[PDB]
$ cat target_29.pdb   # PDB, C-alpha atoms
MODEL        1
ATOM      1  CA  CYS A   1     -18.044  44.401  -3.322
ATOM      2  CA  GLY A   2     -16.471  47.824  -3.828
ATOM      3  CA  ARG A   3     -12.927  48.720  -4.779
ATOM      4  CA  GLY A   4     -11.715  48.849  -1.168
ATOM      5  CA  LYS A   5     -10.228  51.561   1.026
ATOM      6  CA  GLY A   6      -6.634  52.708   1.162
TER       7      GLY A   6
ATOM      8  CA  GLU B   1     -48.985  58.293  29.917
ATOM      9  CA  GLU B   2     -45.882  59.614  31.750
ATOM     10  CA  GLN B   3     -44.448  56.106  32.189
ATOM     11  CA  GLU B   4     -44.047  55.466  28.462
ATOM     12  CA  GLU B   5     -41.520  58.303  28.179
ATOM     13  CA  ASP B   6     -39.500  57.140  31.189
ATOM     14  CA  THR B   7     -38.992  53.875  29.325
ATOM     15  CA  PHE B   8     -37.644  55.819  26.370
ATOM     16  CA  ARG B   9     -35.526  58.151  28.493
ATOM     17  CA  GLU B  10     -34.037  55.109  30.180
ATOM     18  CA  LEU B  11     -33.492  53.378  26.833
ATOM     19  CA  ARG B  12     -31.642  56.426  25.466
ATOM     20  CA  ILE B  13     -29.364  56.603  28.507
ATOM     21  CA  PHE B  14     -28.596  52.900  28.101
ATOM     22  CA  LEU B  15     -28.011  53.269  24.368
ATOM     23  CA  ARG B  16     -25.745  56.291  24.899
ATOM     24  CA  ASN B  17     -23.684  54.223  27.347
ATOM     25  CA  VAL B  18     -23.373  51.229  25.013
ATOM     26  CA  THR B  19     -22.456  53.385  22.010
ATOM     27  CA  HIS B  20     -19.788  55.248  23.973
ATOM     28  CA  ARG B  21     -18.197  51.943  24.955
ATOM     29  CA  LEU B  22     -18.146  50.862  21.320
ATOM     30  CA  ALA B  23     -16.886  54.221  20.073
ATOM     31  CA  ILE B  24     -13.875  54.382  22.431
ATOM     32  CA  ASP B  25     -12.840  50.801  21.591
ATOM     33  CA  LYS B  26      -9.731  51.155  19.410
ATOM     34  CA  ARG B  27     -10.929  48.266  17.235
ATOM     35  CA  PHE B  28     -13.880  50.346  16.033
ATOM     36  CA  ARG B  29     -12.269  53.723  15.283
ATOM     37  CA  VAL B  30     -12.991  53.153  11.579
ATOM     38  CA  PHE B  31     -16.706  53.021  12.413
ATOM     39  CA  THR B  32     -16.828  56.211  14.507
ATOM     40  CA  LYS B  33     -17.159  58.599  11.523
ATOM     41  CA  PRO B  34     -19.026  58.352   8.204
ATOM     42  CA  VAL B  35     -17.146  56.869   5.274
ATOM     43  CA  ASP B  36     -15.690  59.807   3.365
ATOM     44  CA  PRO B  37     -16.852  59.975  -0.296
ATOM     45  CA  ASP B  38     -13.670  61.920  -1.082
ATOM     46  CA  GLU B  39     -11.506  59.040   0.168
ATOM     47  CA  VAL B  40     -13.782  56.233  -1.072
ATOM     48  CA  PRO B  41     -15.548  57.669  -4.150
ATOM     49  CA  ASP B  42     -17.107  54.361  -5.193
ATOM     50  CA  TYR B  43     -18.706  53.733  -1.783
ATOM     51  CA  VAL B  44     -21.987  55.335  -2.812
ATOM     52  CA  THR B  45     -22.174  52.950  -5.763
ATOM     53  CA  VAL B  46     -22.302  49.958  -3.399
ATOM     54  CA  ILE B  47     -23.845  51.113  -0.102
ATOM     55  CA  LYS B  48     -27.270  52.755  -0.256
ATOM     56  CA  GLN B  49     -27.655  53.480   3.507
ATOM     57  CA  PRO B  50     -24.425  54.576   5.198
ATOM     58  CA  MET B  51     -24.218  54.287   8.973
ATOM     59  CA  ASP B  52     -21.583  54.876  11.641
ATOM     60  CA  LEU B  53     -21.359  55.289  15.379
ATOM     61  CA  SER B  54     -21.416  59.106  15.373
ATOM     62  CA  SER B  55     -24.662  58.950  13.385
ATOM     63  CA  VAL B  56     -25.965  56.371  15.867
ATOM     64  CA  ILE B  57     -25.241  58.835  18.687
ATOM     65  CA  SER B  58     -27.006  61.672  16.885
ATOM     66  CA  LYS B  59     -29.957  59.362  16.290
ATOM     67  CA  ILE B  60     -30.112  58.454  19.999
ATOM     68  CA  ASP B  61     -30.071  62.129  20.987
ATOM     69  CA  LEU B  62     -32.798  62.898  18.442
ATOM     70  CA  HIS B  63     -35.090  60.127  19.710
ATOM     71  CA  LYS B  64     -34.839  58.009  16.566
ATOM     72  CA  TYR B  65     -34.547  54.742  18.512
ATOM     73  CA  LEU B  66     -37.602  53.640  20.452
ATOM     74  CA  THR B  67     -36.296  50.070  20.849
ATOM     75  CA  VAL B  68     -32.975  48.309  21.281
ATOM     76  CA  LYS B  69     -34.062  46.363  18.214
ATOM     77  CA  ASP B  70     -34.070  49.481  16.030
ATOM     78  CA  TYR B  71     -30.714  50.443  17.532
ATOM     79  CA  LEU B  72     -29.239  47.030  16.720
ATOM     80  CA  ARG B  73     -30.631  47.373  13.204
ATOM     81  CA  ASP B  74     -28.236  50.294  12.782
ATOM     82  CA  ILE B  75     -25.334  48.432  14.375
ATOM     83  CA  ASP B  76     -26.160  45.598  11.984
ATOM     84  CA  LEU B  77     -26.220  48.058   9.068
ATOM     85  CA  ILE B  78     -22.739  49.287   9.985
ATOM     86  CA  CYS B  79     -21.463  45.720   9.932
ATOM     87  CA  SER B  80     -23.323  44.608   6.847
ATOM     88  CA  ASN B  81     -22.255  47.719   4.910
ATOM     89  CA  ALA B  82     -18.607  46.954   5.697
ATOM     90  CA  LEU B  83     -19.056  43.347   4.569
ATOM     91  CA  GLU B  84     -20.851  44.350   1.391
ATOM     92  CA  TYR B  85     -18.414  47.101   0.456
ATOM     93  CA  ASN B  86     -14.995  45.841   1.466
ATOM     94  CA  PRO B  87     -13.517  43.087  -0.708
ATOM     95  CA  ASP B  88     -11.601  40.245   0.917
ATOM     96  CA  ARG B  89      -8.134  40.591  -0.627
ATOM     97  CA  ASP B  90      -5.645  42.701   1.339
ATOM     98  CA  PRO B  91      -4.869  42.283   5.033
ATOM     99  CA  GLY B  92      -6.358  45.748   5.556
ATOM    100  CA  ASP B  93      -9.534  44.524   3.885
ATOM    101  CA  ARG B  94      -9.717  41.448   6.123
ATOM    102  CA  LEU B  95      -8.993  43.568   9.195
ATOM    103  CA  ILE B  96     -11.885  45.946   8.597
ATOM    104  CA  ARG B  97     -14.267  43.075   7.804
ATOM    105  CA  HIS B  98     -13.330  41.228  11.015
ATOM    106  CA  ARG B  99     -13.680  44.485  12.943
ATOM    107  CA  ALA B 100     -17.181  44.935  11.514
ATOM    108  CA  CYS B 101     -18.180  41.505  12.814
ATOM    109  CA  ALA B 102     -16.516  42.210  16.156
ATOM    110  CA  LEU B 103     -18.471  45.460  16.384
ATOM    111  CA  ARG B 104     -21.745  43.610  15.869
ATOM    112  CA  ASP B 105     -20.728  40.793  18.233
ATOM    113  CA  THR B 106     -19.681  43.217  20.977
ATOM    114  CA  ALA B 107     -22.874  45.275  20.781
ATOM    115  CA  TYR B 108     -24.965  42.110  20.924
ATOM    116  CA  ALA B 109     -22.919  40.686  23.818
ATOM    117  CA  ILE B 110     -23.287  43.922  25.786
ATOM    118  CA  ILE B 111     -27.015  44.000  25.129
ATOM    119  CA  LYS B 112     -27.520  40.306  25.919
ATOM    120  CA  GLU B 113     -25.660  40.832  29.192
ATOM    121  CA  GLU B 114     -27.066  44.192  30.323
ATOM    122  CA  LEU B 115     -30.552  44.629  28.813
ATOM    123  CA  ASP B 116     -33.638  43.497  30.708
ATOM    124  CA  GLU B 117     -35.766  41.538  28.234
ATOM    125  CA  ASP B 118     -39.053  42.741  29.774
ATOM    126  CA  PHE B 119     -37.834  46.325  29.555
ATOM    127  CA  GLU B 120     -37.052  45.795  25.866
ATOM    128  CA  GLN B 121     -40.383  44.028  25.327
ATOM    129  CA  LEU B 122     -42.173  46.983  26.912
ATOM    130  CA  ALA B 123     -40.300  49.364  24.597
ATOM    131  CA  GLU B 124     -41.255  47.359  21.505
ATOM    132  CA  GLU B 125     -44.903  47.174  22.518
ATOM    133  CA  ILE B 126     -45.176  50.892  23.272
ATOM    134  CA  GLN B 127     -43.709  51.510  19.810
ATOM    135  CA  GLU B 128     -46.361  49.189  18.360
ATOM    136  CA  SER B 129     -49.448  50.872  19.799
ATOM    137  CA  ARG B 130     -48.051  54.202  18.575
TER     138      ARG B 130
ENDMDL
END
$ encode --input "target_29.pdb" --output "structure tokens"
Amino acid sequence: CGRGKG
Amino acid sequence: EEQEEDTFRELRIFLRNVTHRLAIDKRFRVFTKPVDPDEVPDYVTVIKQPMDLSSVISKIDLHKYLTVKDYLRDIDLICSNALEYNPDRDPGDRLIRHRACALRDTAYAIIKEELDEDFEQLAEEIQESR
């Protein structure tokens, strides 16, 4: 997975 | 001859109508524009093929879908990108992941309910011979 938004 | 393109014209009108219903659904606002590399700089390190509903619309208008199957491939890509990129920690992360599934489920439900299977089968088989 990526870091994530926000 | 002429009849093959009426199938595709009719498919595009149908696809335009489905996409518009998805794109005005408040649940799917996050999928109506491309992910912004300025806001999410690491996105390109995870997701090789970005996709969103505004790109889906452009692709309809530019005759890139000959079948509902290819269209649903791109809906599926939108969902699977969101599941591959977004971790499952925060509530905001869960929310966007559930929304991605709901986007896929809603597109499939609409298509299951409204799409004639023999019309789709004709589309797929015209695409084959070409």
$ interface_residues --input "target_29.pdb" --of "chain B" --to "chain A" --cutoff "6 Å" --atoms "only C-alpha atoms" --output "NGL selection string"
:B and (84-87)
$ axis_aligned_box --input "target_29.pdb" --around "chain A" --padding-each-side "4 Å" --output "JSON"
{"center_x": -12.3, "center_y": 48.6, "center_z": -1.8, "size_x": 19.4, "size_y": 16.3, "size_z": 13.9}
$ residues_around --input "target_29.pdb" --residues "residue B:18" --least-positions-apart "3" --cutoff "10 Å" --atoms "all atoms listed in the file" --output "ChimeraX atom specification"
/B:12-15,21-23,106-107,110-111,114
$ atom_distance --input "target_29.pdb" --atom1 "atom CA of residue B:120" --atom2 "atom CA of residue B:69"
8.2 Å
$ closest_residue --input "target_29.pdb" --among "B:40, B:102, B:66, B:56" --to "residue B:26" --atoms "only C-alpha atoms"
B:102
$ atom_distance --input "target_29.pdb" --atom1 "atom CA of residue B:37" --atom2 "atom CA of residue B:52"
13.8 Å
$ resolve_selection --input "target_29.pdb" --expression "the PyMOL selection byres ((chain B and resi 80) around 12)" --output "number ranges by chain"
A: 1; B: 46-52, 72-79, 81-86, 96-104
$ atom_distance --input "target_29.pdb" --atom1 "atom CA of residue B:55" --atom2 "atom CA of residue B:34"
7.7 Å
$ decode --input "target_29.pdb" --residues "stretch 14-39 of chain B" --atoms "N, CA and C atoms" --output "PDB file, in the first residue's frame"
ATOM      1  N   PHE B  14     -25.279   4.546 -23.709  1.00  0.00           N
ATOM      2  CA  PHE B  14     -25.530   3.830 -22.461  1.00  0.00           C
ATOM      3  C   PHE B  14     -24.410   4.073 -21.464  1.00  0.00           C
ATOM      4  N   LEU B  15     -23.165   3.988 -21.931  1.00  0.00           N
ATOM      5  CA  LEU B  15     -22.032   4.161 -21.024  1.00  0.00           C
ATOM      6  C   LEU B  15     -21.978   5.580 -20.479  1.00  0.00           C
ATOM      7  N   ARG B  16     -22.254   6.578 -21.331  1.00  0.00           N
ATOM      8  CA  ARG B  16     -22.326   7.960 -20.863  1.00  0.00           C
ATOM      9  C   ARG B  16     -23.337   8.108 -19.745  1.00  0.00           C
ATOM     10  N   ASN B  17     -24.485   7.440 -19.881  1.00  0.00           N
ATOM     11  CA  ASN B  17     -25.574   7.554 -18.915  1.00  0.00           C
ATOM     12  C   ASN B  17     -25.212   6.880 -17.597  1.00  0.00           C
ATOM     13  N   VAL B  18     -24.580   5.708 -17.661  1.00  0.00           N
ATOM     14  CA  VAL B  18     -24.124   5.040 -16.448  1.00  0.00           C
ATOM     15  C   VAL B  18     -23.066   5.884 -15.739  1.00  0.00           C
ATOM     16  N   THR B  19     -22.066   6.362 -16.488  1.00  0.00           N
ATOM     17  CA  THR B  19     -20.975   7.101 -15.859  1.00  0.00           C
ATOM     18  C   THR B  19     -21.481   8.366 -15.182  1.00  0.00           C
ATOM     19  N   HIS B  20     -22.438   9.047 -15.812  1.00  0.00           N
ATOM     20  CA  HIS B  20     -22.983  10.266 -15.235  1.00  0.00           C
ATOM     21  C   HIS B  20     -23.677   9.966 -13.919  1.00  0.00           C
ATOM     22  N   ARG B  21     -24.374   8.833 -13.846  1.00  0.00           N
ATOM     23  CA  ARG B  21     -25.027   8.454 -12.597  1.00  0.00           C
ATOM     24  C   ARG B  21     -24.009   8.183 -11.506  1.00  0.00           C
ATOM     25  N   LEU B  22     -22.913   7.520 -11.857  1.00  0.00           N
ATOM     26  CA  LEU B  22     -21.842   7.291 -10.896  1.00  0.00           C
ATOM     27  C   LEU B  22     -21.181   8.595 -10.483  1.00  0.00           C
ATOM     28  N   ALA B  23     -20.949   9.494 -11.438  1.00  0.00           N
ATOM     29  CA  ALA B  23     -20.154  10.682 -11.172  1.00  0.00           C
ATOM     30  C   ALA B  23     -20.898  11.717 -10.342  1.00  0.00           C
ATOM     31  N   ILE B  24     -22.237  11.710 -10.357  1.00  0.00           N
ATOM     32  CA  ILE B  24     -23.006  12.646  -9.540  1.00  0.00           C
ATOM     33  C   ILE B  24     -23.347  12.073  -8.172  1.00  0.00           C
ATOM     34  N   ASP B  25     -23.126  10.780  -7.963  1.00  0.00           N
ATOM     35  CA  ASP B  25     -23.265  10.157  -6.654  1.00  0.00           C
ATOM     36  C   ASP B  25     -22.231  10.724  -5.687  1.00  0.00           C
ATOM     37  N   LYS B  26     -22.703  11.353  -4.603  1.00  0.00           N
ATOM     38  CA  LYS B  26     -21.791  11.974  -3.643  1.00  0.00           C
ATOM     39  C   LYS B  26     -20.750  10.996  -3.111  1.00  0.00           C
ATOM     40  N   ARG B  27     -21.105   9.718  -2.989  1.00  0.00           N
ATOM     41  CA  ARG B  27     -20.139   8.738  -2.499  1.00  0.00           C
ATOM     42  C   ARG B  27     -18.875   8.700  -3.336  1.00  0.00           C
ATOM     43  N   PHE B  28     -18.965   9.030  -4.625  1.00  0.00           N
ATOM     44  CA  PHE B  28     -17.875   8.768  -5.557  1.00  0.00           C
ATOM     45  C   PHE B  28     -17.177  10.035  -6.033  1.00  0.00           C
ATOM     46  N   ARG B  29     -17.404  11.162  -5.355  1.00  0.00           N
ATOM     47  CA  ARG B  29     -16.730  12.405  -5.711  1.00  0.00           C
ATOM     48  C   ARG B  29     -15.222  12.214  -5.817  1.00  0.00           C
ATOM     49  N   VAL B  30     -14.636  11.451  -4.888  1.00  0.00           N
ATOM     50  CA  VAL B  30     -13.194  11.242  -4.871  1.00  0.00           C
ATOM     51  C   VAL B  30     -12.708  10.533  -6.125  1.00  0.00           C
ATOM     52  N   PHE B  31     -13.599   9.871  -6.857  1.00  0.00           N
ATOM     53  CA  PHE B  31     -13.209   9.171  -8.069  1.00  0.00           C
ATOM     54  C   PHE B  31     -13.519   9.949  -9.341  1.00  0.00           C
ATOM     55  N   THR B  32     -13.999  11.185  -9.229  1.00  0.00           N
ATOM     56  CA  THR B  32     -14.427  11.933 -10.407  1.00  0.00           C
ATOM     57  C   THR B  32     -13.308  12.731 -11.057  1.00  0.00           C
ATOM     58  N   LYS B  33     -12.144  12.825 -10.423  1.00  0.00           N
ATOM     59  CA  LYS B  33     -10.972  13.507 -10.951  1.00  0.00           C
ATOM     60  C   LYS B  33      -9.751  12.634 -10.730  1.00  0.00           C
ATOM     61  N   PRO B  34      -8.718  12.768 -11.563  1.00  0.00           N
ATOM     62  CA  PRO B  34      -7.476  12.020 -11.317  1.00  0.00           C
ATOM     63  C   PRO B  34      -6.883  12.344  -9.952  1.00  0.00           C
ATOM     64  N   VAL B  35      -6.220  11.344  -9.366  1.00  0.00           N
ATOM     65  CA  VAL B  35      -5.451  11.576  -8.152  1.00  0.00           C
ATOM     66  C   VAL B  35      -4.358  12.588  -8.469  1.00  0.00           C
ATOM     67  N   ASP B  36      -4.159  13.548  -7.573  1.00  0.00           N
ATOM     68  CA  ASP B  36      -3.276  14.670  -7.854  1.00  0.00           C
ATOM     69  C   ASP B  36      -1.866  14.362  -7.350  1.00  0.00           C
ATOM     70  N   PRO B  37      -0.873  14.190  -8.233  1.00  0.00           N
ATOM     71  CA  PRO B  37       0.488  13.885  -7.753  1.00  0.00           C
ATOM     72  C   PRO B  37       1.044  14.930  -6.816  1.00  0.00           C
ATOM     73  N   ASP B  38       0.540  16.169  -6.860  1.00  0.00           N
ATOM     74  CA  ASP B  38       0.993  17.181  -5.907  1.00  0.00           C
ATOM     75  C   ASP B  38       0.478  16.886  -4.506  1.00  0.00           C
ATOM     76  N   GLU B  39      -0.753  16.374  -4.404  1.00  0.00           N
ATOM     77  CA  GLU B  39      -1.330  16.058  -3.100  1.00  0.00           C
ATOM     78  C   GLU B  39      -0.875  14.693  -2.601  1.00  0.00           C
TER      79      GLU B  39
END
